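Take a look at this single chain in structure tokens; it is the form solved without uridine-5'-monophosphate (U5P).
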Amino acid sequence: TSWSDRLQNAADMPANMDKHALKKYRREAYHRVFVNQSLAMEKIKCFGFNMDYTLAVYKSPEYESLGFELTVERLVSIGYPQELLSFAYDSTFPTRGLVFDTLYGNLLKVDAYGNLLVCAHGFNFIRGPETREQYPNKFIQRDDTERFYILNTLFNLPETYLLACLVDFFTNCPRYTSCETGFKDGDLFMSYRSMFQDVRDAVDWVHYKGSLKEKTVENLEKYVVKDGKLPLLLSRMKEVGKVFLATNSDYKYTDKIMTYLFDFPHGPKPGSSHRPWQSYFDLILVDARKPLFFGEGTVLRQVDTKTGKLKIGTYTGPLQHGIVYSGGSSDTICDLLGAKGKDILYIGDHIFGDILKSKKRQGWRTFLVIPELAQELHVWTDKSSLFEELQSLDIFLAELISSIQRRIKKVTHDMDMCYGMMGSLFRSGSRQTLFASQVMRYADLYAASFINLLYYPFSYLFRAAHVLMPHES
């Protein structure tokens, strides 16, 4: 039972729009919209979306496996050993948001202050005292961006597992001598950095030059979550404001995916005429290149919607029905729709490129879609006993014979393993992750699916608990 299965079970259900059924529905956590900063919806005038893993949630683990197979094939085709072809993606290992250390070849799970919480070299999890040789302060300098790559998105889920497989394969293959910073193959040296780069380059190649998009479109029911409540919610959004799409995908792919997402024998509700997906949007912008999009951006261009290619030159005209933009910046959207930042609720999945940057660079309101949260919420309500036992041991230990500290590390471990081999997305025991930090800080609203917005009336006031400093209480 994967997180994408819960989303597709809830998607197969028709919208009960009775005012009482909505209140009762959003009482359950799997359908709630969770609040980090107060937000009054009657001040929202423009609703903004990205596509990949927001409108178009790719089914798990089929989509991560397809990415893993295709990336592995690319690496073999440029000269990596045939033993990669015998790997096989294991959705139980990787958790989203890990840091790969290109110096020593480890996956690290860190809190916001760069403290180590989990460290795995290949498939070998390194315990507290043994990490101190490489991490003398149990700490990483997050600013050292040449050394530490954060794997933020669900596209990074294959490479997260792939990076372990590779370290594990070379570590234990006798053709290679393991060194501190990589692998000697006789007279060739492959550093963990250059290996990381080869993986990284390959994933890029698979998305942009390879067969990933091709193979997704040819079996969309295997790969993309489809929900007939999506036309309904967007149509209700356009009744009270403007709806725009700002995606990093190209128009050809966006068209195929959106068409599928809207292919029903009806419009917003059952029994209405089916409309084309573009008619649900006041502004459709592709090739967004976020997060540069929220700074100076790129030259603004016009898509030839018949051929799918860009017209030649910079677009200088007005917003007209059925025009489609490529590139540009976030200001392009604000000028054309005549909106200020806090007018906009931008709905996205990239904690950094979608959410943080729009918040910090433009003052946009942010809604972060967290697909894994549909499963994680279940695990959390079925093991509330282990976390509650953890909160109790933390409290008793404070009142204090350190045989307690070893029962804490054990309960920690068992709680963590329920989510995966790399723990929960948001914490390792009582200690929160960098991801969790960035959600709380930069995401006003968050949820397992944005479709949860449908169960809230369009005047609602999302409330957040006021923050008080220590001395202020």
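Note that residue numbering follows the sequence shown and begins at 1.
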Legend entry - residue 400 to residue 401: deposited residues without atomic coordinates: 10 or more
Inset, instruction - Look over 178-186 and 272-280 in the entry and identify the one with the greater average Cα temperature factor. - result: 178-186
Legend entry - Stretch exceeding the other in mean C-alpha B-factor - 417-425, 439-447: 417-425
Legend entry - Residue, from 71, 82, 375, 91, that the PDB entry assigns the highest Cα B-factor: 375
Legend entry - Maximum C-alpha temperature factor, selected from 56, 35, 44, 404: 404
Inset, instruction - Quick one: classify residue 66 as lowest, middle or highest third of the chain based on its Cα B-factor. - result: middle
Legend entry - Chain-wide C-alpha B factor ranking for residue 305, given as lowest, middle or highest third: highest
Inset, instruction - Just say lowest, middle or highest third for the CA B-factor of residue 156 relative to the other modelled residues in its chain. - result: lowest
Inset, instruction - Taking the values exactly as deposited, rank residue 102 by C-alpha B-factor within its chain and report the matching third: lowest, middle or highest. - result: lowest
Legend entry - Third of the chain's Cα B-factor distribution that residue 334 belongs to, per the entry: lowest
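As for the form deposited with uridine-5'-monophosphate (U5P) bound, it is not shown, yet the points below apply to it.
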Inset, instruction - Please overlay the site onto where uridine-5'-monophosphate (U5P) binds in the deposited bound form and tell me whether the pocket on the shown chain stays open or is blocked (3 or more ligand atoms within 2.4 angstroms of backbone or C-beta atoms). - result: open
Legend entry - Heavy atom within 4.5 Å of uridine-5'-monophosphate (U5P) in the deposited bound form - the one residue of 256, 213, 238, 383 that qualifies: 213
Inset, instruction - Could you work out which of 252, 207, 301, 193 is the residue within 4.5 angstroms of uridine-5'-monophosphate (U5P) in the deposited bound form, going by heavy atoms? - result: 207
Inset, instruction - Spell out, yes or no, whether the shortest heavy atom distance between residue 147 and uridine-5'-monophosphate (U5P) in the deposited bound form is within 4.5 Å. - result: no
Legend entry - Interface membership of residue 378, uridine-5'-monophosphate (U5P) in the deposited bound form, 4.5 Å heavy atom rule: no
Inset, instruction - Indicate whether uridine-5'-monophosphate (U5P) has at least one heavy atom within 4.5 Å of a heavy atom of residue 50 in the deposited bound form. - result: yes
Legend entry - is_contact(residue 278, uridine-5'-monophosphate (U5P)) in the deposited bound form, heavy atom dist at most 4.5 Å: no
Inset, instruction - Decide yes or no: are 242, 337 and 366 jointly within 4.5 Å of uridine-5'-monophosphate (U5P) in the deposited bound form, with each residue judged by its heavy atoms? - result: no
Legend entry - Stretch in contact, per heavy atom within 4.5 angstroms of uridine-5'-monophosphate (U5P) in the deposited bound form, of 303-311, 160-168, 81-89, 195-203: 195-203
Inset, instruction - Sequence order please: the residues of 148-177 with a heavy atom within 4.5 Å of uridine-5'-monophosphate (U5P) in the deposited bound form. - result: 155
